[PDB]
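>>> I need the structure of the sequence given here:
(2 chains)
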Protein chains: 2
Amino acid sequence: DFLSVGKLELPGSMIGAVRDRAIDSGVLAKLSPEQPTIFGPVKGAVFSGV
Amino acid sequence: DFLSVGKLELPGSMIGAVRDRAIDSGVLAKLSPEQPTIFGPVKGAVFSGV
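Numbers count the residues shown, from 1 in each chain, chains lettered A, B, ... in the order given. Okay, here it is:
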């Protein structure tokens, strides 16, 4: 009955990603500092009693 | 009784990296001076006898 959009097959458009979603990631990094060190086995001292 | 340095297992220090023997590189390079050529075979003629 008339000219439509169906005959003019449109490709569309892309809206890929959102830049900042909330990710679980890592909890531990929140409770204690990172203490970065040199490669190799790490050793420290443990004070136990009172 | 007291706080020893045995419980606290110490790491230590690195002297370095020493090579056992002196390097025995070459002898052909000292007796006959290297005469470099292009890639490919080499060939020479020898005229012997009188």
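>>> Just give me the neighbour total for residue A:38.
5 (other C-beta atoms under 10 Å in any protein chain shown). To be clear about C-beta, it is placed using only N, CA and C from the backbone, and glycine gets the same treatment.
>>> what do you get for the one 3 residues further on?
Using other C-beta under 10 Å, the number of residues around residue A:41 comes to 6.
>>> for residue A:46, same thing?
6.
>>> With residue A:16 as the reference, measure out to it.
Using C-beta to C-beta, to the nearest Å, residue A:46 is found at 50 Å from residue A:16.
>>> And the residue nearest the centre of chain A?
In chain A, the centroid-proximal residue (C-alpha atoms, centre = their mean) is residue A:23; its distance is 5.1 Å.
>>> separation between residue A:41 and residue B:11?
Counting by C-beta to C-beta - residue A:41 and residue B:11 are separated by 8 Å.
>>> Likewise for residue A:42?
9 Å.
>>> now swap in residue A:12 and tell me
Distance from residue A:12 to residue B:11, by C-beta to C-beta: 62 Å.
>>> Name the SS class of residue A:29, please.
At residue A:29 the chain is in helix, as set by DSSP: H, G, I helix; E, B strand; the rest coil.
>>> tell me the contacts of it?
Residue A:29 makes no contacts at all, as judged by C-beta atoms under 8 Å, 6 or more residues apart in numbering or on different chains.
>>> Any figure for the gap between it and residue B:22?
Distance from residue A:29 to residue B:22, by C-beta to C-beta: 51 Å.
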